[PDB]
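Visitor: The structure under discussion is supplied below as structure tokens; questions concerning it will follow.
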Amino acid sequence: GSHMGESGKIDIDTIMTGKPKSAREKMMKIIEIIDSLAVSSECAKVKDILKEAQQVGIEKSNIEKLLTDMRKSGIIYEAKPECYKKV
């Protein structure tokens, strides 16, 4: 913005150095939807992520294995059935 800060102990560089941009292009998109849905919820319903991510063109098989990778990696968590929140 009018200033910046660190991404944290993880960045974009560490991804794009060993993955195509499609990694960030999806990763960021998923967490954007999760965080946008979570912005006044305990969690984002993956039903809603399934809606909006199929609208950005992500496949439901993608969304569900992506969400799975994310919760299992610690990029997000569940804490409710079918409802996930950006870490």
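Numbering starts fresh at 1 for the residues of each chain in the structure tokens, the chains themselves are lettered A, B, ... in the order given, and ligands are numbered from 1 as they appear.
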Which residues in region 7-82 of chain A does DSSP call helix (DSSP H, G or I)? List them as a PyMOL selection string.
Guide: chain A and resi 13-16+22-38+46-56+60-73
Visitor: Would you mind listing what lies within 9 Å of residue 66 (chain A) as a PyMOL selection string, with only C-alpha atoms counted and same-chain residues fewer than 4 positions away left out?
Guide: chain A and resi 26-27+30+61-62+70-71
Visitor: Restricting the calculation to only C-alpha atoms, which member of A:16, A:33, A:1, A:82 is positioned closest to residue 56 (chain A)?
Guide: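 Looking only at the distances to residue 56 (chain A), the closest residue turns out to be A:33.
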Visitor: Write out as an mmCIF file with N, CA and C atoms, in the first residue's frame the set of residues from chain A that DSSP, computed on the backbone, places in strand (DSSP E or B).
Guide:
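Produced file out.cif, reproduced below:
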data_model
loop_
_atom_site.group_PDB
_atom_site.id
_atom_site.type_symbol
_atom_site.label_atom_id
_atom_site.label_comp_id
_atom_site.auth_asym_id
_atom_site.auth_seq_id
_atom_site.Cartn_x
_atom_site.Cartn_y
_atom_site.Cartn_z
ATOM 1 N N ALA A 44 -15.233 -19.778 6.464
ATOM 2 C CA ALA A 44 -15.779 -19.825 5.118
ATOM 3 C C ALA A 44 -16.316 -21.225 4.809
ATOM 4 N N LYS A 45 -17.617 -21.349 4.529
ATOM 5 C CA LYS A 45 -18.182 -22.598 4.019
ATOM 6 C C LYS A 45 -17.515 -22.997 2.705
ATOM 7 N N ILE A 76 -4.630 -23.017 5.976
ATOM 8 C CA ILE A 76 -5.952 -22.776 6.544
ATOM 9 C C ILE A 76 -6.178 -23.837 7.635
ATOM 10 N N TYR A 77 -7.334 -23.822 8.298
ATOM 11 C CA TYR A 77 -7.824 -24.928 9.122
ATOM 12 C C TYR A 77 -9.331 -25.076 8.922
ATOM 13 N N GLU A 78 -9.915 -26.176 9.408
ATOM 14 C CA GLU A 78 -11.361 -26.385 9.412
ATOM 15 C C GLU A 78 -11.983 -25.745 10.636
ATOM 16 N N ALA A 79 -11.883 -26.473 11.745
ATOM 17 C CA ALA A 79 -12.618 -26.317 12.979
ATOM 18 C C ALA A 79 -14.143 -26.477 12.894
ATOM 19 N N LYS A 80 -14.737 -26.558 11.699
ATOM 20 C CA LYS A 80 -16.123 -26.970 11.504
ATOM 21 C C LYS A 80 -16.188 -27.891 10.282
ATOM 22 N N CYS A 83 -16.395 -26.252 6.415
ATOM 23 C CA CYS A 83 -16.247 -24.831 6.664
ATOM 24 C C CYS A 83 -14.845 -24.609 7.222
ATOM 25 N N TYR A 84 -14.053 -23.804 6.513
ATOM 26 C CA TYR A 84 -12.615 -23.667 6.686
ATOM 27 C C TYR A 84 -12.289 -22.197 6.909
ATOM 28 N N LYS A 85 -11.193 -21.883 7.598
ATOM 29 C CA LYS A 85 -10.813 -20.499 7.843
ATOM 30 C C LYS A 85 -9.324 -20.330 7.575
ATOM 31 N N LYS A 86 -9.001 -19.252 6.855
ATOM 32 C CA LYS A 86 -7.663 -18.872 6.424
ATOM 33 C C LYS A 86 -6.818 -18.642 7.673
#
Visitor: Using Å and a single decimal, report how far CA of residue 63 (chain A) sits from CA of residue 8 (chain A).
Guide: 25.0 Å
Visitor: Between A:14, A:73, A:7, A:36, which has the minimum distance to residue 52 (chain A) (counting only C-alpha atoms)?
Guide: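 Closest to residue 52 (chain A), using only C-alpha atoms: A:36.
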Visitor: Using Å and a single decimal, report how far CA of residue 48 (chain A) sits from CA of residue 13 (chain A).
Guide: 29.5 Å
Visitor: Can you work out the spacing between CA of residue 25 (chain A) and CA of residue 37 (chain A) in Å, to one decimal?
Guide: 18.5 Å
Visitor: Counting only C-alpha atoms, which of A:15, A:24, A:81, A:29 gets nearest to residue 47 (chain A)?
Guide: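 Closest residue, counting only C-alpha atoms: A:81.
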